[PDB]
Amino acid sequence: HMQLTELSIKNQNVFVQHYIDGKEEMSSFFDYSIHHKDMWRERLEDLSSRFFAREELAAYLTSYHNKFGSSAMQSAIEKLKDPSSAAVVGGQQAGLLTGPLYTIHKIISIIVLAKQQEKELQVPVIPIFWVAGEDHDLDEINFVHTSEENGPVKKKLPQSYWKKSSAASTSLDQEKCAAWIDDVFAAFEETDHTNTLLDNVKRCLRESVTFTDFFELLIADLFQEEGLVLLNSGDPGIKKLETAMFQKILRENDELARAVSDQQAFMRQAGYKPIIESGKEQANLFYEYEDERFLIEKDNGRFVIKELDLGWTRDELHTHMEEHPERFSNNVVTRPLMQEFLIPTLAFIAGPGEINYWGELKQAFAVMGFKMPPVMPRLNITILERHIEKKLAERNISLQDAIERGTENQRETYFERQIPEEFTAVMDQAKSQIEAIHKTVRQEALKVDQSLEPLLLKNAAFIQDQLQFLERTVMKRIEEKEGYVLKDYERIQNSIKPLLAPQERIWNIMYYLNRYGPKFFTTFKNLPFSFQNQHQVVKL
C-alpha cells in the first residue's frame, strides 16, 4: 500500500521560510495569518461584506463547463450562487501533458483545503483552478522533461509561433503534437497501462484546439470527479465580467505603480529579494491586437502601446474597456487583483515563487480597496518509488539528505574510497620526484646553451602530462569497475532531485500514470495530506 510520511525541510528562499515560520514581520507583507485557527472564520466574515456577481459568474462557468460533461463540476459551480459560499483558488500555466508535477500537487492542495474548510466552516467551499490562459509565454508550456543518458532533457513540441498569442488562443498542430506525445511516451517502459493512457491523452488532444483546451481536458479527466472548477483567464467569455476591474486598475493606475515600487523597496530593505520586473512606465495591463498581446505603457498621464503607435487618454481607454473588454488582460501584478475581484476567495494556494511575489503586492491590494486573501502554501511532495527507496538504503543515503541536496557529493565520496590510498600518495610523490630529477638534467643541458630553456621546460611539462594521463586512465578504470553502484547514485538523484531541482519542478505526471496506472492516481489523490508545512513523501 501507498504510504504518506512527512519531513521538515527548509525552503532555500528565506522569505518563504519566514512566512512559513510565522515571523512577526510578515504582517508587512500579508493581510491574514495562517498561523491562527480562527482566521478562516474571520476571512468569511470579511467576505460577507463584499459584493460579487455570483449568478453571472456561475452562469458563465456553467456554460464553459458544458464541454466537459461533468455533473460533479456543475454541482460545484451551483454552490457559487449561495451567498455564503467561498472558494479555494490556485493556478498555473497550461503545460503540455499538465506540465510539471507541482501542477497536480497544487490541484490536490486546492481540493483538500476546500473539503477541510467546507467541513469545519459549514458553508460550501468550492475548489477552483485558475488556468493562466491569458499568458503568452508558450516556451514555459511547450515541452516536458524526458529522461535520457545524461539526465533530464527538455523535449519541445516542434511548432513555431509567429504571433505572440495567449495560450488560450494558440492552436496546437494536431499531427506534430500527436507525434510529440508518441516521442514522450517512447521513452517510457511499456506497461499494461500504456495503451489505454496513450489513447486517453490522444483523445483529449483531438478534442482540443488550443494549449488551454488540451490542458483542461486532461485535468478534467484526472479531477472532474472531485468537482474541480476551471477558470481560464484567457477565455474571451470571462472578459465581460472583468470590465469594471480593468476600469478600476485604470483609474487607480498611478497609485498601483507606486504601491508596487514602494513595496519592492521595503522588501529589499527588510533583507529580501523582489522578483517582479515592472517599473513606473507600466500600466500592468496587456492589450490584444490581431491575435497578439502588447504591453500597455504610460506616457505623461496617457496610455500607450509603443510598438503600434497607439495611445489613449484615460477617458478614451475607459470607454474602450467597456466596449471591448475582450482585448484586455492582466500581468503578474494585476492577475491577483482580478482573481480577488472575481472570486469570493477563502484562500489562495501558492507555490514558493508566488509567496515571494505576493509579498510584493500587499500595497497593490490596498490601492484596489481590499485585503490580500490568505496565502496558503501548496503541498510540496516527493514521490518515492520502491526501487528508489531500496537504492537509498543500499547506498547509505538518508531520504531527507537526497531530497535536500541530491546524491552527487555522496557519489564522489564513494568513488574516492575506491581509489587505493597508496595510489594517490605515490602518484603525488612521483610527479614531484620526477620533476626534481628532470630539473637536474635541465641544469646540465642549460650549460650547453641558455636558449634551450623553453624546449627543456616543454619537455618537463610533456612528462607531467603523461603522469596526469596515467592518473586519468586509472580513474576511468575505477569508474568502469564500479559503474553499477555509481549509476545507482545517479538514478536516485534523477528521480528525487533531477538537475538538483525538486522532483515536482522537473518531472510530469505521465511517467507515473504509465508506470503505476489509474489506481495509483486514485489512491494518491485521496491520501490524508495535511497543511502543517512539512514536505510530503508519498511512498509507493
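Residues carry their position along the shown sequence, with the first being 1.
Higher average CA B factor: 156-164, of the stretches 180-188 and 156-164.
Relative to one another, 493-501 and 30-38 have unequal mean CA B-factors, and 30-38 is the one with the higher figure. Between the residues 380, 424, 147, 75, it is 424 that shows the highest Cα B-factor in the PDB record.
The PDB entry assigns its highest CA temperature factor, among 389, 216, 175, 297, to 175.
Residue 521 sits in the lowest third of its chain by CA B factor, as recorded in the PDB entry. Sort the modelled residues of the chain by CA B factor and residue 68 lands in the middle third. The PDB entry assigns residue 44 a C-alpha temperature factor belonging to the highest third of its chain's modelled residues. Annotation for residue 7: C-alpha temperature factor in the middle third relative to the rest of the modelled chain, per the entry.
The entry lists a Cα temperature factor for residue 289 that places it in the highest third of the chain's modelled residues.
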